[PDB]
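6 protein chains.
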Amino acid sequence: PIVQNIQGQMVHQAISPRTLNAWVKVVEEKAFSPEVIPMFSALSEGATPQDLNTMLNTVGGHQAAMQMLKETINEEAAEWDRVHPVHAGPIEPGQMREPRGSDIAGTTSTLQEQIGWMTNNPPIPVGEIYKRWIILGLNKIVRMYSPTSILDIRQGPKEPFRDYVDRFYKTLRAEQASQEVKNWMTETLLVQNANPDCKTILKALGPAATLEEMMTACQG
Amino acid sequence: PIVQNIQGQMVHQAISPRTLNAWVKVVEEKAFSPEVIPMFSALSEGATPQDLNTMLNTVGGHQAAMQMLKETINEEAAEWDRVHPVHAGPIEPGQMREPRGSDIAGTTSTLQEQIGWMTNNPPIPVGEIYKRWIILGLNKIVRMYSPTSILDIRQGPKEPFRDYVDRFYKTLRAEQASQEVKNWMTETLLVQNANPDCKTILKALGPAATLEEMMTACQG
Amino acid sequence: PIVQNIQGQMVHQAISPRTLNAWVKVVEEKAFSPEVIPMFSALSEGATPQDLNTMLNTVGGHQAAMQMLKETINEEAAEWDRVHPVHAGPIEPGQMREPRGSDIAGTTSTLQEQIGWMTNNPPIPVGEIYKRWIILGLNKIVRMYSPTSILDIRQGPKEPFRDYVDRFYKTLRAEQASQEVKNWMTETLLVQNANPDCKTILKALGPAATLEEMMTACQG
Amino acid sequence: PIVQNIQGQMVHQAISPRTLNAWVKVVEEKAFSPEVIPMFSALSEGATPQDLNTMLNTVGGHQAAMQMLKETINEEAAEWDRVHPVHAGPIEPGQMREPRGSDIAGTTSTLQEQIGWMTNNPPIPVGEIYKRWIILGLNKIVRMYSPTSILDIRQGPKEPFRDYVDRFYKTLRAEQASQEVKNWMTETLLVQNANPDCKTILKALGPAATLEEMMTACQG
Amino acid sequence: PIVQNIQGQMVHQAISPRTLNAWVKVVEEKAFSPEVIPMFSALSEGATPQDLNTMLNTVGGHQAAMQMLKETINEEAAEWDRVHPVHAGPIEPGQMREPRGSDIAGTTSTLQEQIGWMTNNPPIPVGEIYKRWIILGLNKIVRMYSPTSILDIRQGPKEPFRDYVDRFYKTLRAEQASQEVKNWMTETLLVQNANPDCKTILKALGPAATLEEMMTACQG
Amino acid sequence: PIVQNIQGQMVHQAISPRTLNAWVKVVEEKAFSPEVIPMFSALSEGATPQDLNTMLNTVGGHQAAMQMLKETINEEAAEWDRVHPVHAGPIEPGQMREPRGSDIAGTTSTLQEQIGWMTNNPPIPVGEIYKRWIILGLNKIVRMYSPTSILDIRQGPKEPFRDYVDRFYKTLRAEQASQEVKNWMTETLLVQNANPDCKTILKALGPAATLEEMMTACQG
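Protein chains in written order, with my numbering: chain L, 78 to 297; chain U, 78 to 297; chain W, 78 to 297; chain V, 78 to 297; chain S, 78 to 297; chain P, 78 to 297.
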């Protein structure tokens, strides 16, 4: 990827096999969950678009999500070339061509062009935009892969509350809902769909109950 | 994490793959124990708030503990904002603004902001404050994750004394309390729930004796 | 491969033992997946023909596929030698001789000649041409290795649509077709070889629908 | 630990996660062999007291040995405070204050104070004294771990001499004695608890013989 | 291995532990395979004769093959000494003496001698000659270690054709022969020992046809 | 250990845990074989005597060989201090003390003294002499660990020739015999202690048989 030396000038570096080996293993080992997006965002930090394309191509299985993210990239590139028209026909000497919809992803562009684009003054954050698009695609994917909705989460008669609230927060984190509605529902749906005895205990405890108080009361 | 070294201090390197892979693997394998607190403190020595956010997002499972940690961090940030109010009006040129309560968590801040806040003269230890917040969160987590209390520990007729005291000290380390009462409770609880042979041995030895003599007394 | 030292001249670095260990391991571990080919493109970035030949020959097993790819390499070298004439005479400094088919293949060439050919101005992409030939051979072998043709996959009565489209895309990645007609298959056969219920659902929704919404409609 | 950059000033480098990973894994896997303390000496070469504290706290289980080593650390700190007086007053530049036992232990000190103490002229080996205390505690723990004493091992009728002397030296590495008396022990107890036939063989050969010729005579 | 790089070329680094460990693993795990010669050529690219000796001494088991390699190296060194006699009399000052037959194997030479020989002007490639000796020895070893000859290979009624041709080409690669007879023997041996159905198919296809059509003909 | 930088000036480096773990695994994994001495000579190349002492003290089990190597080190040190007397009483300014019998091993000498000795002009190869002494000790150890002598090898009625000759060459390489007597006995003991049918077949070939002929003829 891209590393910074103590001298001050950075150079290009090939993709290390350890990162991709971990990336192939993490996708297979963790399957699909909310935690995959951050790992992806932290592992591919400061990498060329070709590296991300190879990582998205070296994955084994789940080709449906790969086609989903490819169509998302295509739609984002179409919107980009629609909202950003090429008003300048000729190119000034010493300046490289503007990244188009197909050039921002690296389909018909070599690595040298991407290097010259990212090392420009000022730099063109093509890799950052590609990472944001991939993060949006992964958000859509994990939203589609939801086993169930948030309203269907109901604690059973004998199921413990720990795994119940764990699954609740797991299916809530992958939801595309905003922070406000999530904070609104986490105070009501957690107590309305709990064990009846515990539910009554938490309701009698007061309307200002926190996480630790609920954990200590619902287990007694 | 930020790197302070020889000439060329203006550098920022992302989280290494070996560190992040090790932390996710160790947390899943070790589940939750008091031990994780020092491992996290050693792995995040002088790290940026975004690095801490990525490390907290890389963990898979146990969503309830993560929500508890997040709400504790939010409460402590609110307390910090209440005790350290921000000054109104225009800011002085060249002087970096003080970090707000929400800026410590890294939810409404960027990389350059925390870089300038950490490399300022004098530096602002916001990363240390966030690490202390996460340490307090992990303390609350390991306190609420306890399966058996400290008073329900009794050695059986065939359980060894060494394993008994090992379990007792593990349970005591899992709980956080003042050491001034710990010194009394360990002595008033260790020599009470032992085997009758070890009990009469320690009674013949003396209450004010050390622990190594008790270990080497009833051994075998 | 070829690397550039910090503020230094272009020097040739040796083969990567850890990368080769991974490459031999991946083939055995991953059996023969289509994603293996990108894997080669990511591991052999800027590699020399000698390194590529060593990586090909170090593979244990698949001797039939090795013979097939060697035959394809020989055919490509013969076609190159037929389309490009060969000239002989004195070699002027700063200009290299005309590379032959066996020279592009690297069987009758040496490391110093390969370095002189790849570090000339303008550079002769002999390594790039050999890598393209190798990936074309691997594409041919993965096309022949397909157990099921692209037109032989049909959704069963109890097979989920997710697994159906996953297998369809996996077979499309391994089938032989051009990039333009590649969309025709995934646009027509994907809906023409599905379960009748979701067939009628997609027909009522609209053919121009995208994969995400068509799957969300087929799931419900 | 402390490292010296090439043609650079003495700077403190951060801790290595792989070292703690190897250290946590080896102690759990190898239980408590005498060599473990030696292993400790190689992993903690020139490390700060905070690093040793984190390495000791990160160990999972065996809280009894941790309490014992903490008690030994407290006793050593009290002895150091009793033998070395403490002075207070203005701190002159270039000269550090009098290190206290609580500061030698590193529980009530920070990182910069230890860095200034270890990089002063003349350097104050606080880390070396703490490492010596820790290895003494580990020696005490491995002595308590010895199931069989040095005088309780005897060669059986069917046990070979090789395994006998191996277990004898393994127990001698775990007993409490000085080197001067350890020489006499390994000289006389090796022949005092041996097999009678090999006892007579060694008596005919001579007590001053080395272990190699004694073993070669006992095998034949 | 020798390190030819920027200023400071006078440097000799020992073999890295990771490469030696990988060599030990690939020797222990796979025994001897037709692909071990490229593995040795890649792992020992540009190494000093002492490095080759250390690599050949760390081999585990198979002492007969190592003795065969040693005696072949000795015979070839004797042949080199016979064809390249050493000049008698005093040597010229400043001119390094030519390496003798036994000096190439590193049995009667030192490190400084071979360092000066490989870094002389012009350099003397004794390491390449020793690598050629070793790969010839390995070819003799893999030819001697052959279980089944090439004529005793017959496909059963149920064994697949792909596995049959894979085994055939593996046994053919294990044996070393001239290039002008192998292309004839493969064609005169493959289309005779196939399944009756596949035999009739290939008879309907044609003798002078390629191999890919034979593979895709009787598949399934 | 000791590494060489690109600049030209070398610095001290602590022992890496990976090499120590690999050595421990090799010792645990293969017990003792004549092949571990080259492994130790290639793994600890250019290491301080303290590193070798830690590696010899961190090993678990087989304390007899450790006592043997310690006694050999003591005897070599005694011989060194006997043959090298200290004729120079005073020490010149800027010059370090001469390594004595106890200083050459590192028992009563710190690491700084060893660094100053090895980096002197001219350097004092204390590490090389210590490595030679350890190699001699390991030679004595593997000579003592000989299951049996070289004369007891006799091929049974049904035992194959491959494993027979492998064990023969293994115990020959592990033997303390010189190069001449080994080559003298490898032509006689191999043919005189073989299967009678094969033995007569090989004797009917002549007195100029090679290893490949012995392998190919005995197996028929």
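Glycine included, C-beta positions come from ideal geometry on N, C-alpha and C.
The continuous alpha helix (DSSP H) containing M292 of chain S extends over residues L288 to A294. In this structure, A108 of chain U sits away from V242 of chain L, with a CB-CB distance that is not shorter than 9 Å. The residues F238 and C295, in chain order, have a CB closer than 7 Å to that of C275 of chain W in the same chain once the five nearest residues on each side in sequence are set aside. The Cβ atoms of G123 of chain U and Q81 of chain U lie closer than 9 Å to each other. The beta carbon of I192 of chain W sits closer than 7 Å to the beta carbons of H89 from its chain, once the five residues preceding and following it are set aside; these are given in chain order. Within chain U, no C-beta atom comes nearer than 7 Å to that of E205 of chain L; the closest sits roughly 11 Å away. Note that the C-beta distance between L267 of chain L and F245 of chain L is below 9 Å. The DSSP-derived three-state label of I206 of chain P is helix. Taking a contact as a CB-CB distance under 8 Å, the pair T125 of chain S and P176 of chain S does not count as one, their CB atoms being some 13 Å apart.
In this structure, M292 of chain V keeps its C-beta atom at 9 Å or more from the C-beta atom of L282 of chain V. Taking a Cβ-Cβ cut-off of 8 Å, the neighbours of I92 of chain P in chain V comprise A119 and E122, given in sequence order. According to the DSSP secondary-structure assignment, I79 of chain U is paired through a beta bridge with U:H89. Comparing alpha-carbon positions, the option among V:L129, V:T135, V:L97 and V:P111 lying closest to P115 of chain U turns out to be V:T135. CA-CA distance, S186 of chain S to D180 of chain S, rounds to 6 Å. The beta carbon of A108 of chain P sits no closer than 9 Å to any beta carbon of chain V. Of the residues assessed, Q127 of chain V falls on the buried side of the cut-off, its CB having 16 or more other CB atoms within 10 angstroms. Restricted to the stretch 114-178 of chain W, not a single beta strand (DSSP E) segment is unbroken, complete and at least 3 residues in length.
Residues of chain L whose Cβ lies closer than 9 Å to the Cβ of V242 of chain W are, in chain order, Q140, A141 and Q144. Shortest Cα-Cα distance from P199 of chain V to any of V:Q172, V:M262, V:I211 and V:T225 involves V:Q172.
Distance check between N260 of chain P and each of S:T131, S:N98, S:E236 and S:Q144 places S:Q144 closest, using alpha-carbon atoms only. Around the Cβ of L228 of chain P, a 10 Å sphere holds fewer than 16 other Cβ atoms; the residue is exposed.
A119 of chain S counts as buried, since at least 16 other C-beta atoms from the protein chains shown sit within 10 angstroms of its C-beta. For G183 of chain V, the secondary structure class from DSSP, reduced to helix, strand or coil, is coil. The residue from P:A91, P:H161 and P:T149 with its alpha-carbon nearest to that of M132 of chain P is P:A91. Neighbours of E148 of chain V across chain U, judged by C-beta separation under 9 Å: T287, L288 and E289. With respect to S223 of chain P, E252 of chain P sits close: the two C-beta atoms are nearer than 9 Å. Between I218 of chain S and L146 of chain S the beta-carbon gap is near 7 Å, inside 8 Å, which marks them as a contact.
In this structure, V113 of chain W sits near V104 of chain W, with a CB-CB distance shorter than 9 Å. Counting the other Cβ atoms within 10 Å of the Cβ of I168 of chain V gives fewer than 16, which makes it exposed. Counting only residues of its own chain and dropping the five nearest sequence neighbours on each side, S226 of chain V has a CB closer than 8 Å to the CB of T248 and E252. In the three-state DSSP reduction, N272 of chain U falls in the coil class, being neither helix nor strand. Around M195 of chain U, no beta-carbon contact reaches into chain L at under 7 Å, the shortest distance being about 16 Å.
Across the structure, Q86 of chain V and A155 of chain U are spaced so that their CA atoms are roughly 42 Å apart. Flagged as an interface residue toward chain W: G137 of chain L, by a C-beta distance shorter than 9 Å. Here DSSP, grouped into helix, strand and coil, assigns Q189 of chain L to helix. The beta carbon of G233 of chain S sits no closer than 9 Å to any beta carbon of chain P.
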